[PDB]
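S.K.: My questions all concern the structure below.
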Amino acid sequence: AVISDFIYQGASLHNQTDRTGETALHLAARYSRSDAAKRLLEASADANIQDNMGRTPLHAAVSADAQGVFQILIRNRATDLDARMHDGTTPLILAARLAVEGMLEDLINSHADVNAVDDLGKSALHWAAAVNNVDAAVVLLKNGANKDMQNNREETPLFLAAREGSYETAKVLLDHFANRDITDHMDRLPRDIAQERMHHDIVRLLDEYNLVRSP
């Protein structure tokens, strides 16, 4: 064949497009071409080469919700499950943000680091809180996620849930007894940022919900 799995006759498996910096394996992920991805890996393609934004074929599979290629990639021992994009984003954080539930759990079960963080000190749980991804929050919390971890602005996931108006996820954090007293760098409590951004429902939750025999 003149071309096989995006690779032109006799070219390197690691060659990258000028436009996106993507390799054949990145493209197999985006097109959900399970067979191509399998053949490329058997030919020893590097599953951790980064495109122009630092994404590996695994970030690409998550972004394209390609379950087939995704499975193939996480089953491949050499795949860096915690690969970071140029802003520190990992496949897990990415899965939490896009709300691709099946992948988040599969990543965690494959031992992805639940407490890894992007360049802003944000963990997958911080993000699940920010986008109000309840299911991701529950699974991360059940799997060792640090509920009170502070990012670089000293914001906890709860702080972020308060900031963004993620009512349901702030509730999950409280059901897990997250510390609602930890403030950000401006000394604001999740309650203070919730009031400032007009999420009165969350302010109420913080003042009454699941308190110490005082709720």
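Under PDB author numbering, the residues of the sequence shown are numbered 1909 to 2123, in order.
Beta carbons are placed, not taken as given, at the ideal position from N, Cα and C, and that holds for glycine.
Rounded to whole angstroms, what's the CA-CA distance from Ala-2053 to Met-2106? Just pull it up for me.
M.R.: Near 28 Å, if we compare the C-alpha coordinates of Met-2106 and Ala-2053.
S.K.: Three-state secondary structure (DSSP) at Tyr-2117?
M.R.: In the structure shown, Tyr-2117 sits in coil (DSSP, three-state: anything other than H, G, I, E or B).
S.K.: Could you give the distance in angstroms between the alpha-carbon of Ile-1982 and the alpha-carbon of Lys-1946?
M.R.: Spanning the two alpha carbons is a distance of roughly 12 Å.
S.K.: Under 6 Å Cβ to Cβ from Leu-1949, same chain only, skipping five residues before and after it: list those, please.
M.R.: Closer than 6 Å at Cβ, skipping near neighbours: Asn-1984.
S.K.: So, under 8 Å CB-CB, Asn-1960 and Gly-1929 are touching, yes? Tell me the CB distance rounded to an integer number of Å.
M.R.: Contact flag correct, Cβ pair sits at about 4 Å.
S.K.: Taking the alpha helix (DSSP H) that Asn-2017 falls in, what are its first and last residues?
M.R.: Here the alpha helix (DSSP H) through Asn-2017 covers 2009-2017.
S.K.: Excluding the 5 residues flanking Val-2039 on each side, which residues of the same chain have their C-beta closer than 6 Å to its C-beta?
M.R.: Answer for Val-2039: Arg-2005, listed in chain order.
S.K.: Run through the segment 1935-1983 for me and flag every whole alpha helix (DSSP H) of 4 or more residues, listed as ranges in chain order.
M.R.: Listed in chain order, the complete alpha helix (DSSP H) runs (minimum 4 residues) inside the segment 1935-1983 are 1942-1950, 1965-1971, 1975-1983.
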